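Peer 1: Read top to bottom, the protein sequences are chains A, H and E.
According to the deposited numbering, the first sequence is numbered sequentially starting from 2045.
According to the deposited numbering, the second sequence is numbered sequentially starting from 499.
According to the deposited numbering, the third sequence is numbered sequentially starting from 190.
Below is a structure I'd like to ask you about.
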Amino acid sequence: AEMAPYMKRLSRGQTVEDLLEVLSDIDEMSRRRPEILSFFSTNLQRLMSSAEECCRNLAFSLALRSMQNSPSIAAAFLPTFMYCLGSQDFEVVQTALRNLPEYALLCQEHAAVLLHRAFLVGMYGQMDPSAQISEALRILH
Amino acid sequence: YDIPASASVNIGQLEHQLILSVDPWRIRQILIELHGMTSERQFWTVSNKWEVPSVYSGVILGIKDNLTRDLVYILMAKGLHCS
Amino acid sequence: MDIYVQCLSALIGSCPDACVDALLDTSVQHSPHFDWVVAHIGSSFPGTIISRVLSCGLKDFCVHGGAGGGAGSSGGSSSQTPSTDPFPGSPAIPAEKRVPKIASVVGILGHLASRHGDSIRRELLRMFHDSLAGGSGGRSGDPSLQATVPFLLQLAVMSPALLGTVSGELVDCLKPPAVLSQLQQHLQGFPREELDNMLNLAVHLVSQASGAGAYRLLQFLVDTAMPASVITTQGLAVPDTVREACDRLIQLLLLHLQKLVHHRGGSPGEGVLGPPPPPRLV
């Protein structure tokens, strides 16, 4: 009941103003009592592929913190992370590689396909992801 | 199941038909039968997904007769959702 | 001696003072000297019949708990029966705060048996005060959520054995399920495996249309329950009705009617709210 109006705002959101303001509110009230992010999974999936850079960064950070609370849900955000890694917006892929090693540790069962797609996106598409994937490799052992 | 022979079950049948119906004349049939069998129950608070704008919700709850309130409210909500 | 101890306990409970701590220690020392369960039960009864209705206490509550533990150190089955009878007789204010404060496993089993007997007597007599006492006992058992699944299983097995009082016991169990938020849901679903359905059908054959209404209400209440494993309950309901896995055709028809009523009740829970309230959790 305490989370219904915020998520009603998140679901019925059109402008960048409303989404950014609700994301700021939920980040502020998720700094303490961080177990409330389990309800914000599907909407965080949908907003993680949004084109605006600030709201996308907030959604990515919230998703990583939601992994940090309970890593058993990392198998559920995999299709969205794979879509962000292989989309045609050229900013979702860079924000995906910026958050690539943390999610690579936090998944640990499907890291092979993730890093495989990272190599093909950075290989066929002209960009350099080598540092991030190699750092994920060194801290993955 | 045919011949329900129960008041609450028939309430449920006419409600599920009312939610699913899009043809306004059929909806009128459901509303008139539903107000005929019931006594003093308002049948607009029967589907929370129906939404009416705030100023229009303020003016639309001012009709005196119950049948007209329920009918015009749910038809205009269904029209807005169909749009 | 006992009257002065009760007065000191009541004064300590009302006014938070330490003037009755030495008296409580002397009473606790005298109780182990006498080693009488009935005397300690009577001492706990005077300290909770009217001394617990004014205000909550700490030292007096500790003295009452020590007296109850001294009474319950031995067997005291007749002492436990008179302790349960005087507590239900004087169910004023914090009666459940003193009845369930023992926190003993054998004491919890005895209290659960007494509460089940009181609920059976309330259902048989159909008295409003007896029903309120049974509801209070169920609420007291709910706060002491240590182990009540075996007690519920024993009550259900005893109910299925009879046919005359089976309907009243079933109605009393359905009401406590509406009160206690259906604590033993999955175990109840697992219990009616193969033979309990026929016994329940035989019991309901001796019931009436009020039994049918009570069954509809129980199905509607259990619809908003079973949060742990509702898939098992849904599959058990589905296979017992349309798959004809039940041992009786009337049982299959009743299960189909229960499924239809559950769908109808679920439709009003999800749809009929009106405007933007807080949503209803199911």
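Even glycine gets a Cβ: it sits at the ideal position worked out from N, Cα and C.
Let's test the definition: count the other Cβ atoms within 10 Å of the Cβ of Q397 of chain E and tell me whether it reaches 16, buried, or not, exposed.
Peer 2: For the purposes of this step, residue 397 of chain E is taken as residue 208 along the third sequence, with counting starting at 1. Answer is exposed; the Cβ neighbour count stays below 16.
Peer 1: Around the Cβ of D2071 of chain A, are there at least 16 other Cβ atoms within 10 angstroms (buried) or fewer (exposed)?
Peer 2: By one-based count along the first sequence, residue 2071 of chain A stands at place 27. When all chains shown are included, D2071 of chain A counts as exposed.
Peer 1: Report the rounded CA-to-CA distance for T536 of chain H versus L559 of chain H, giving the unit in angstroms.
Peer 2: By 1-based counting over the second sequence, the position of residue 536 of chain H is 38. By 1-based counting over the second sequence, the position of residue 559 of chain H is 61. So the alpha carbons of these two residues sit roughly 20 Å apart.
Peer 1: Within 9 Å of any Cβ in chain H, is that where the Cβ of residue 145 of chain E sits?
Peer 2: Chain E is shown from 190 up to 471; residue 145 of chain E falls before or after that span and cannot be answered.
Peer 1: Would you please verify whether the beta carbon of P468 of chain E is less than 9 Å from any beta carbon of chain A?
Peer 2: If you number the third sequence from 1, residue 468 of chain E lands on position 279. It does: the Cβ of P468 of chain E has a partner Cβ on chain A nearer than 9 Å.
Peer 1: So is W523 of chain H buried or exposed if we call it buried at 16+ other beta carbons inside 10 Å?
Peer 2: On the second sequence, residue 523 of chain H is found 25 positions in, with the first residue counted as 1. So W523 of chain H ends up on the exposed side.
Peer 1: On the three-state DSSP scale, how would you describe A426 of chain E?
Peer 2: Residue mapping note: residue 426 of chain E aligns to position 237 of the third sequence, counting from 1. Helix at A426 of chain E.
Peer 1: Could you tell me whether the region 261-278 of chain E touches the region 224-243 of chain E, where touching means 3 or more Cβ pairs closer than 8 Å?
Peer 2: yes
Peer 1: Where do the N-terminal and C-terminal ends of the alpha helix (DSSP H) with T536 of chain H fall, by residue?
Peer 2: Position 38 of the second sequence, counting from 1, holds the residue named residue 536 of chain H. Taken as a continuous stretch (DSSP letters only), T536 of chain H belongs to no alpha helix (DSSP H), as it is neither H nor E.
Peer 1: For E549 of chain H, report the span of its alpha helix (DSSP H) as first-last.
Peer 2: For the purposes of this step, residue 549 of chain H is taken as residue 51 along the second sequence, with counting starting at 1. Taken as a continuous stretch (DSSP letters only), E549 of chain H belongs to no alpha helix (DSSP H), as it is neither H nor E.
Peer 1: Starting from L565 of chain H and walking both ways along the alpha helix (DSSP H), at which residues does that stretch end?
Peer 2: Reading the second sequence from its first residue, position 67 is the one you call residue 565 of chain H. Unbroken alpha helix (DSSP H) run through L565 of chain H: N564 to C580.
Peer 1: Residues of chain E with CB under 8 Å from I561 of chain H, in chain order?
Peer 2: In the second sequence, the residue the question calls residue 561 of chain H occupies position 63. Within chain E, no residue comes near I561 of chain H; the closest Cβ sits about 17 Å away, beyond 8 Å.
Peer 1: What residues of chain H sit near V461 of chain E, judged by a beta carbon separation below 8 Å?
Peer 2: As a working note, residue 461 of chain E is residue 272 in the third sequence. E513, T543, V544, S545 and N546, listed in chain order.
Peer 1: Would you please verify whether the beta carbon of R453 of chain E is less than 9 Å from any beta carbon of chain H?
Peer 2: Residue numbering aside, residue 453 of chain E sits at position 264 when the third sequence is read from its first letter. With 9 Å as the cut-off, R453 of chain E counts as an interface residue toward chain H.
Peer 1: Please determine if the region 545-563 of chain H and the region 193-204 of chain E are in contact, where contact requires at least 3 C-beta pairs separated by less than 8 Å.
Peer 2: No, the region 545-563 of chain H does not touch the region 193-204 of chain E.
Peer 1: Taking Cβ positions only, does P465 of chain E come closer than 9 Å to chain A?
Peer 2: On the third sequence, residue 465 of chain E is found 276 positions in, with the first residue counted as 1. Closer than 9 Å: yes.
Peer 1: Keeping to the same chain, check which residues put their C-beta closer than 8 Å to that of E2135 of chain A; ignore five residues upstream and five downstream.
Peer 2: Position 91 of the first sequence, counting from 1, holds the residue named residue 2135 of chain A. Hits under 8 Å: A2095, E2097 and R2100.
Peer 1: Is the region 272-280 of chain E touching the region 308-316 of chain E in the sense that three or more CB pairs, one from each, lie closer than 8 Å?
Peer 2: Contact fails: fewer than three Cβ-Cβ distances are below 8 Å.
Peer 1: Take every Cβ of the region 2072-2083 of chain A, pair it with every Cβ of the region 2105-2114 of chain A, and state whether three or more of those distances are shorter than 8 Å.
Peer 2: yes
Peer 1: For chain E, is any of its Cβ atoms less than 9 Å away from the one on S581 of chain H?
Peer 2: Reading the second sequence from its first residue, position 83 is the one you call residue 581 of chain H. By this cut-off, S581 of chain H is not an interface position.
Peer 1: For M415 of chain E, collect the residues of the same chain with a Cβ closer than 8 Å to its Cβ; drop the 5 residues on either side in sequence, then sort them by chain order.
Peer 2: The residue labelled residue 415 of chain E in the question sits at position 226 within the third sequence. Leaving aside the five residues that flank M415 of chain E on each side, the residues in its chain whose CB is nearer than 8 Å to its CB run, in chain order, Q371, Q374, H375, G378 and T422.
Peer 1: So, under 8 Å CB-CB, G463 of chain E and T543 of chain H are touching, yes? Tell me the CB distance rounded to an integer number of Å.
Peer 2: As a first step, residue 463 of chain E is located in the third sequence; it is residue number 274 there, counting from the start. As a first step, residue 543 of chain H is located in the second sequence; it is residue number 45 there, counting from the start. At roughly 3 Å, the Cβ-Cβ gap stays under 8 Å, so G463 of chain E and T543 of chain H are in contact.
Peer 1: Please state whether DSSP places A2048 of chain A in a helix, a strand or coil.
Peer 2: Numbered from 1 along the first sequence, position 4 holds the residue referred to as residue 2048 of chain A. If DSSP states are grouped into helix, strand and coil, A2048 of chain A belongs with the helices.
Peer 1: Using a Cβ cut-off of 9 Å (strictly closer), state whether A2148 of chain A contacts chain E.
Peer 2: Counting from one through the first sequence, the residue named residue 2148 of chain A turns up at place 104. Between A2148 of chain A and chain E, the shortest Cβ-Cβ separation is not below 9 Å.
Peer 1: Taking three-plus beta-carbon pairs below 8 Å as touching, is the region 2167-2175 of chain A in contact with the region 512-523 of chain H?
Peer 2: no
Peer 1: With 9 Å as the C-beta to C-beta threshold (strictly closer), list the residues of the region 433-454 of chain E near chain H in chain order.
Peer 2: Per Cβ criterion, the list reads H445, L446, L449, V450, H452, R453 and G454.
Peer 1: Can you tell me whether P467 of chain E is buried or exposed, with buried defined as 16 or more other CB within 10 angstroms of its CB?
Peer 2: By one-based count along the third sequence, residue 467 of chain E stands at place 278. With fewer than 16 other Cβ atoms inside 10 Å of its own Cβ, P467 of chain E counts as exposed.
Peer 1: Under the three-state reduction of DSSP, which class applies to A2107 of chain A: helix, strand or coil?
Peer 2: Sequence index remark: in the first sequence, residue 2107 of chain A carries index 63 (1-based). DSSP places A2107 of chain A in helix when its eight states are reduced to three.
Peer 1: Relative to the C-alpha of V346 of chain E, which candidate in E:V392, E:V471, E:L410 and E:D191 has its C-alpha closest?
Peer 2: Within the third sequence, the letter at position 157 stands for residue 346 of chain E. Of the candidates E:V392, E:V471, E:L410 and E:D191, the one whose C-alpha sits nearest the C-alpha of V346 of chain E is E:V392.
Peer 1: So the candidates are A:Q2138, A:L2067 and A:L2144; which of them puts its Cα closest to the Cα of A2118 of chain A?
Peer 2: As a position in the first sequence, residue 2118 of chain A is number 74, starting the count at 1. Among A:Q2138, A:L2067 and A:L2144, the Cα nearest to that of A2118 of chain A is on A:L2144.
Peer 1: With distances taken Cα to Cα, identify the nearest neighbour of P349 of chain E among E:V338, E:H305 and E:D385.
Peer 2: Translated into the one-based positions of the third sequence, residue 349 of chain E becomes position 160. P349 of chain E has its Cα closest to that of E:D385, out of E:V338, E:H305 and E:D385.
Peer 1: Comparing C-alpha positions only, which one of E:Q195, E:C196, E:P235 and E:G261 sits nearest to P221 of chain E?
Peer 2: Position 32 of the third sequence, counted from the start, is the residue given in the question as residue 221 of chain E. It is E:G261 whose Cα lies nearest to the Cα of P221 of chain E.
Peer 1: Do we get a CB-CB distance below 9 Å when we pair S519 of chain H with the residues of chain E?
Peer 2: For the purposes of this step, residue 519 of chain H is taken as residue 21 along the second sequence, with counting starting at 1. So no, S519 of chain H is outside the interface.
Peer 1: Roughly how many angstroms lie between the CA atoms of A2156 of chain A and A2048 of chain A, to the nearest whole one?
Peer 2: Sequence index remark: in the first sequence, residue 2156 of chain A carries index 112 (1-based). Sequence index remark: in the first sequence, residue 2048 of chain A carries index 4 (1-based). One C-alpha to the other measures close to 37 Å.
Peer 1: Mapping the DSSP letters down to three states, classify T337 of chain E as helix, strand or coil.
Peer 2: By 1-based counting over the third sequence, the position of residue 337 of chain E is 148. Under the three-state reduction of DSSP output, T337 of chain E falls in the coil class, being neither helix nor strand.
Peer 1: Helix, strand or coil, according to DSSP, for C2099 of chain A in the structure here?
Peer 2: Working through the first sequence from its first residue, we reach residue 2099 of chain A at position 55. In the structure shown, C2099 of chain A sits in a helix (DSSP, three-state: H, G or I).
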